[PDB]
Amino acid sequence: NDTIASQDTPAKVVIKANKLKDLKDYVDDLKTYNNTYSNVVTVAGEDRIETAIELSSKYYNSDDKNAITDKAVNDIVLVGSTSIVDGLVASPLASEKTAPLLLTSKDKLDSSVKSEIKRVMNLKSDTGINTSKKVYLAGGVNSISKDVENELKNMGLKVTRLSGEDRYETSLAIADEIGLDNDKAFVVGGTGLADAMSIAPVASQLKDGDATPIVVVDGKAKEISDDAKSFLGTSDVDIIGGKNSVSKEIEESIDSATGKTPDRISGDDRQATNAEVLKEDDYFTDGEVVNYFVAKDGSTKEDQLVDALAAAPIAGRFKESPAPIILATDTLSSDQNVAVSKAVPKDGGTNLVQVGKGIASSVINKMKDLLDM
């Protein structure tokens, strides 16, 4: 009626009760609190830049239990910290390249970021930086200036810039690098920032190594661009967002070009659209989604969606079960609550990762309830 304990154990815990039911309840709570203090992690710094670094340090070149890689990486994806628009579709790139998505100030490369780059890639004075060490700049000069690009080159790294004359051309530059190999692509409107962040984790899900590209299109135009049409070829397209993000005209345009009827995952607002991504069976299976990420929705400010941008690749590759990102600053929507409820198994969730500061307590609490944590 006993086992021989390890010599290093700090205590012998004997939990007694007259009633087996009172014991049951205690041991249940113990389990919950044990798992919760173990699997309910917050990954945040004081800045948006620090949050991205925290993500990189935890998940890339890390001994952490849920790390994407334990060895040094060969690729970085860098995004302008303010410019959510330029790097909007960079998450699937970061995923495919086995790279952290880091944020930098536009003018000067942040010393914090420089340090993390050295750490994650294992760059040292005594060791040569061979041509396999690569840094992708997602955005033009207005998001990541030439000054920063030259500073990265000066340290001895190969620097490829994925950019165009506008957000649309820039997205195609990024999407082109990712490649449309699995006959599937995601399309988002120019202003549909939260929508791109809802789908980013899904796009970041790798199948035989390849991520799925996201393309930004002019949602109020008569037609999409020749470049978009050429890139999209004859692939299945899922439009993320409502008519106000990507019009009826654009849907037809994509229909005509591809010759295949595009799907539409959308809601009345950003939180509804986020819920729909989770509810969509193609992206997630009912009662088989255990790992979850939470980040701000960008209702207060749009550029605060960069937390989700940095997190999305990790969410896509997380453990052995891809995770969505729930978008919520102050409050979860009714649609989200439902979505998670149907997504999570009977047993409940096994991982919850809050990304960034300023996410209200009710939100995490609600998530913990829904996941039984």
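In case it trips you up, residue 1 is the first one in the sequence shown, and so on.
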*Would you tell me which stretch averages the higher CA B-factor in the PDB entry, 293 to 301 or 269 to 277?*
293 to 301
*If you average the CA temperature factors over each stretch, which comes out higher, 339 to 347 or 311 to 319?*
339 to 347
*Ordered by C-alpha B-factor within the chain, which third holds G128? Give me lowest, middle or highest, please.*
highest
*Could you tell me which third, lowest, middle or highest, the C-alpha B-factor of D181 occupies within its chain?*
highest
*asked:* Using the temperature factors of the C-alpha atoms in this entry, rank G209 within its chain: lowest, middle or highest third.
replied: middle
*Against its chain's modelled residues, does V246's Cα B factor rank lowest, middle or highest third?*
middle
_For the chain shown, is the CA B-factor of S333 in the lowest, middle or highest third of its modelled residues?_
middle
